[PDB]
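The chain below stands alone and is given as structure tokens, in the form deposited without the partner chain.
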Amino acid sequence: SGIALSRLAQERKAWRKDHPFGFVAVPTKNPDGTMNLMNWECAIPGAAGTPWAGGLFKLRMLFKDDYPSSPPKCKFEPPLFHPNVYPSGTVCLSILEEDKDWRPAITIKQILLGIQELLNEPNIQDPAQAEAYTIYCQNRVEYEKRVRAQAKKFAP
């Protein structure tokens, strides 16, 4: 897709020029070694001063041929404990749905910051995995304990 690839090159240039510290976002490679702009490997650092601090949380960002009409699918690999992350790893977030709050102008940087913000502030209206959601609702102290253990597990 010429339209998607042109925009993704634009995103890559912008990201490399200016991006938040500790974040990573890079396109992958095709089997022949060439760059594959439709599939990115990213990492989001936990915010300091939060239970996510010190963790580095890896995720894949997958673009459809009609991007930026459509949002990327964003999928934590491996899956994360969080009320709004499906067991598959896929992120449940309104800016990542075409029929909700996605806008074509939204940047990869805005997506990754949006997901970082989600990590530390779950949306109770969007339960995506039963366990983390139930614990978040029932016992915030236990919830944060599980989150800190997870951050340690994924320390760089």
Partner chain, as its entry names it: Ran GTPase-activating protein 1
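Residue numbers count along the first chain shown, from 1.
So, looking at the entry's B-factor column for Cα atoms, which has the higher mean, 44 to 52 or 107 to 115?
The entry gives the higher C-alpha B-factor average to 44 to 52.
Taking the chain's C-alpha temperature factors as the reference, tell me which third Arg148 falls into: lowest, middle or highest.
It falls in the bottom third of the chain.
Considering only modelled residues of the same chain, in which third does the CA B-factor of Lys100 rank: lowest, middle or highest?
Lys100: CA B-factor falls in the highest third of its chain.
By the recorded C-alpha temperature factor, relative to the other modelled residues in its chain, which third is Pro122 in?
For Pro122, whose C-alpha B-factor we compare with every modelled residue in the chain, the answer is the middle third.
Would you please rank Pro87 by its C-alpha temperature factor against the other modelled residues of its chain and give the third it falls in: lowest, middle or highest?
According to the entry, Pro87 has a C-alpha B-factor in the chain's middle third.
Looking at the temperature factor on the CA atom of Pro27, which third of the chain's modelled residues does it land in?
According to the entry, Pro27 has a C-alpha B-factor in the chain's middle third.
The following text describes the form solved in complex with the partner chain, which does not appear among the structures shown.
What residues in 125 to 156 sit within 4.5 Å of the partner chain in the bound PDB entry, counting heavy atoms only?
The stretch touches the partner through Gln125, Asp126, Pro127, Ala128, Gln129, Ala130, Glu131, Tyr133, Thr134, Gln138.
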